[PDB]
Each structure stands twice: as C-alpha cells, then as structure tokens.
Amino acid sequence: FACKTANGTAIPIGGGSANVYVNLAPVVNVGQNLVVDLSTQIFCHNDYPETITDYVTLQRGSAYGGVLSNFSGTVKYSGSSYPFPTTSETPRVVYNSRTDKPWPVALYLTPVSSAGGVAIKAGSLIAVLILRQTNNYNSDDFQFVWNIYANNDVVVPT
Ligand SMILES: OCC#Cc1ccc(O[C@H]2O[C@H](CO)[C@@H](O)[C@H](O)[C@@H]2O)cc1
C-alpha cells in the first residue's frame with residue numbers, strides 16, 4: 001500500500017509524510033463553503049490485492065493558520081461528514097485494487113462572521129491530514145501524513 005499526489009509527491013510502503021499544494025477559490029463570502037477536495041490530489045493503491053485487503057481511515061485532521069482562525073469546518077470522508085478539526089477516527093475505506101484510487105477526503109470551510117480580509121495566505125499551511133492504513137494480513141498500522149498548503153490567497157469580502 002502506497003500513495004501519490006498530483007504535485008508529484010509520494011509516500012511509500014510503511015508510511016511517511018508528504019506535502020500537497022492546492023489551488024483555492026480566491027474569493028469566498030461569509031456563509032459559503034470553500035471546498036478543498038483532496039480526492040483530486042491524493043491517490044492510493046493496494047500492492048497485493050490478490051491476497052490482501054487494505055483498510056484506510058482519516059485518523060485525524062487538524063487545521064492551521066488562517067483556516068483554524070477564520071473558518072468553521074467540516075470534513076467529508078467517503079460519504080460522511082464530521083467536524084473539522086476532527087474529534088474521532090473515521091470508518092475504514094476498503095482498498096482492494098492496485099489501480100490508483102482517490103483518497104475520498106474533502107474539506108468544507110465556511111468563513112466565520114468576522115473573517116473578512118485575507119483569510120488564508122498564499123503558501124501557508126492550512127491542514128494536516130493523517131491517513132491510517134491497516135490490512136487483513138498482518139499487524140501493519142501505518143500513518144501517511146499529508147501537509148496541505150495553499151497556493152494562493154483567499155479573500156473574504158466585507
Ligand atoms: O509473496 C508475494 C508478496 C507480497 C507482499 C506482502 C506484503 C506487502 O505489504 C505491503 O502491501 C500490502 C498491500 O497493499 C499492505 O497491506 C502492507 O501494509 C504493505 O504496504 C506487499 C507485498
């Protein structure tokens with residue numbers, strides 16, 4: 001089991017850390033969600049699906065910088081929705097193929113009432129998402145840590 005991104009970063013068997021750089025809607029109003037869809041960015045696969053089934057959770061999701069300060073968030077993982085920053089590990093998604101499958105995570109971030117201005121700075125860390133992978137084969141329990149960075153400023157009109 002290993003993962004790769006659209007930015008050309010990757011994390012091998014056994015886990016590790018990688019950076020993800022995302023384009024964000026440049027203008028978002030109070031009451032509207034800024035969507036950060038990581039399923040277009042992060043892809044994983046099973047290396048031996050002929051014999052092994054892999055299980056993948058979002059173990060934890062943390063917010064940083066402007067995102068933590070200026071937004072109320074939710075995270076959707078494989079059809080279900082939770083508070084973001086997270087308060088529990090998600091259910092497992094089965095990875096049963098060697099063909100790359102998107103990691104089905106998206107953040108929905110809505111500016112708080114007082115968030116006006118540059119609410120996220122270009123280049124800043126906005127989130128850290130921990131993917132936890134296990135299987136039905138042995139005791140493997142690996143963390144794939146994704147540091148999510150903004151490629152651009154996001155402005156909330158006032
Ligand atoms: O004799 C032929 C063989 C073989 C094989 C056994 C284990 C294995 O583990 C990786 O791939 C597995 C499947 O993706 C993961 O569950 C593991 O955590 C690990 O990433 C990969 C290949």
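Nothing fancy with the numbering, it's 1 onward along the sequence. Keep in mind that the numbers below use all heavy atoms, side chains included, and drop hydrogens, waters and symmetry copies. Counting convention: from 1, in listed order, for ligands and their atoms alike.
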Review point. Going by distance only, is there an N or O of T134 that falls short of 3.5 Å from an N or O of ligand 1?
Key: no
Check your understanding: Within the structure, does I52 bring an N/O atom to less than 3.5 angstrom of an N/O atom in ligand 1?
Key -> no
Review point. Quick one: does atom 9 (O) of ligand 1 have a protein heavy atom under 4.0 Å from it?
Key: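 It does not: no protein heavy atom is found less than 4.0 Å away from atom 9 (O) of ligand 1.
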Exercise for review: Would you verify that at least one protein heavy atom lies under 4.0 Å from atom 21 (C) of ligand 1, or report that none does?
Suggested key: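 No, because not a single protein heavy atom sits under 4.0 Å from atom 21 (C) of ligand 1.
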Check your understanding: Any idea how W103 and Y77 line up, ring-wise: parallel (<30°), tilted (30 to 60°), or perpendicular (>60°)?
Key -> perpendicular
Proximal atoms of ligand 1 relative to [X] (non-hydrogen, under 4.0 Å):
{"X": "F1", "result": "10 (C), 11 (O), 12 (C), 13 (C), 14 (O), 15 (C), 19 (C), 20 (O)"}
{"X": "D47", "result": "11 (O), 13 (C), 14 (O)"}
{"X": "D140", "result": "17 (C), 18 (O), 19 (C)"}
{"X": "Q133", "result": "15 (C), 16 (O), 17 (C), 18 (O)"}

How does [X] reach ligand 1, if at all, at less than 4.0 Å between non-hydrogen atoms: by side chain, backbone, both, or neither?
{"X": "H45", "value": "neither"}
{"X": "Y95", "value": "neither"}
{"X": "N46", "value": "both"}

Practice item. Examine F1 together with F144 and report whether their ring centres are nearer than 6.0 Å. Key: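 Close enough - the centres of the two rings lie under 6.0 Å apart.
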Practice item. Among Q143, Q133, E89, find the residue that satisfies the side chain to side chain donor-acceptor pair (under 3.5 Å) test when tested with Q59. Key: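 For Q59, the side chain to side chain donor-acceptor pair (under 3.5 Å) check succeeds only for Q143.
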Practice item. Report yes or no: is the cationic atom of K101 (NZ for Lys, CZ for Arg) under 6.0 Å from the centre of the six-membered ring of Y95, at an angle within 45° of the ring normal? Key: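 Verdict for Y95: a cation-pi partner in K101.
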Practice item. Report yes or no: do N147 and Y149 form a side-chain donor-acceptor pair below 3.5 Å? Key: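 Yes, because at least one side-chain N or O of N147 sits under 3.5 Å from a partner of the opposite role on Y149.
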Review point. Would you call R132 and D141 a salt bridge, taking side-chain N to carboxylate O under 4.0 Å as the test?
Key: yes
Study note, to complete from the structure: closest protein heavy atom to atom 15 (C) of ligand 1 is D54 OD1, 3.4 Å
Point to revise | Candidate list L38, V128, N19, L107, test side-chain contact (heavy atoms from CB on, under 4.5 Å), partner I148, passing option | key: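 Single pass found, and it is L38.
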